[PDB]
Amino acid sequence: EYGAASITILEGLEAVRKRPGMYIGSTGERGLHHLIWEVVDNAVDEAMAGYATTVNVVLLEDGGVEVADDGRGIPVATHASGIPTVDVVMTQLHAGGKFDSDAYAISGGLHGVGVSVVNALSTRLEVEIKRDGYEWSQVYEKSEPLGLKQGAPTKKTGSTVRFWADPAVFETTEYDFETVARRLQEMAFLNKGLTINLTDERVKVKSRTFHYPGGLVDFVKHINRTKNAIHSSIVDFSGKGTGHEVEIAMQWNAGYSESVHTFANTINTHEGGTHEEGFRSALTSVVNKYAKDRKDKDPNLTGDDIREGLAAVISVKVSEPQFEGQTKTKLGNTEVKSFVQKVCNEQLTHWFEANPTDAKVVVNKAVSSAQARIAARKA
């Protein structure tokens, strides 16, 4: 019979180990790599806040991942739930300091689930925290804490998370260096002044330094390095509104491909959302309202043909975000659709006028790319 005894309540991390796909999105390489993002995105939130200026990540030999920061560190002192804050953050879901714009103003994190999930789907988790004028060591064996130990009193501040992914959870436990390198480089572009270092101590040692003072501009310079830029200038505009900011940097390449990267609080919203679509709505209307004003191909230009051969970065800095899942693939802030739309619309028009040479080259590009579609459609 189906009744009272059939229904069961899972105790937090039990839910993560049972259904990892809800928090990690998959048990495959994508989900494996997601444990690094939870830990690094957390460290980078401290740099978004400004308390950290350096984040070092290590792909350890054994299988571990070491992520350090010169931030404030994970609160150590006794939490209101009894157990010290470190343990709360590491073992309990919806236990975070990103539920308000107090501790962290603009942050990638928001659910209070990230590093707790890492702790769940990890065999071991070690944390080093230099805070409250002292160093701290706490070890998590199979998610369970071994006890909080206090070390040497240091003036320096920050946290160092280390984690060994559970192979019983994950098919592959070996990370991809280029996947890590790529993502960390983006976080460096999206956070001017920040330095990310990645070393691969796997069996000489592979290491990268990621510091881009040119921010989003160097990001496009990077995307259009291999593939010839059609124009010299790089559109670089930044709008700021009520609990949301937006920096947009873009340039068109001589290729026939879309290279439009979208971010929200550094976090890679690679399914876009209401910041991508807000940028898309403005870019389609601006280029069309410029093409119509200048010079013709009677139907309207598609966004997909306007964006064909475009390297574009859309980075939004929102106070109260609305992310798709723990994965954070899509942005849902309805308000941010119209916020990016307006900033994008006024500033895009302002670039077109100011740069008539580049404008002519990119609109002719949108026309020739559109004419090619109708031409192919005829077959």
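Numbering starts at 1 and runs along the sequence shown.
- According to the PDB entry, the deposited sequence contains 10 or more residues between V203 and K204 that lack coordinates.
- In this entry, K240 and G241 are joined directly, with no residue of the deposited sequence lacking coordinates between them.
- Averaged over their C-alpha atoms, the temperature factors of 281-289 and 258-266 are higher for 281-289.
- Between 348-356 and 318-326, the higher mean Cα B-factor belongs to 348-356.
- When the C-alpha B-factors of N300, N119, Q185, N253 are ranked from the entry, the top spot goes to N300.
- Considering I9, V362, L13, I24 together, the PDB entry gives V362 the largest C-alpha B factor.
- Among all modelled residues in this chain, the alpha-carbon of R124 has a temperature factor (C-alpha) in the middle third.
- Per the deposited record, the Cα B-factor of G50 falls in the highest third when ranked against the other modelled residues of its chain.
- When all modelled residues of the chain are sorted by CA temperature factor, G273 is found within the lowest third.
- Annotation for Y140: CA B-factor lies in the highest third of the chain's modelled residues.
- When the modelled residues of the chain are ordered by C-alpha B-factor, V115 sits in the lowest third.
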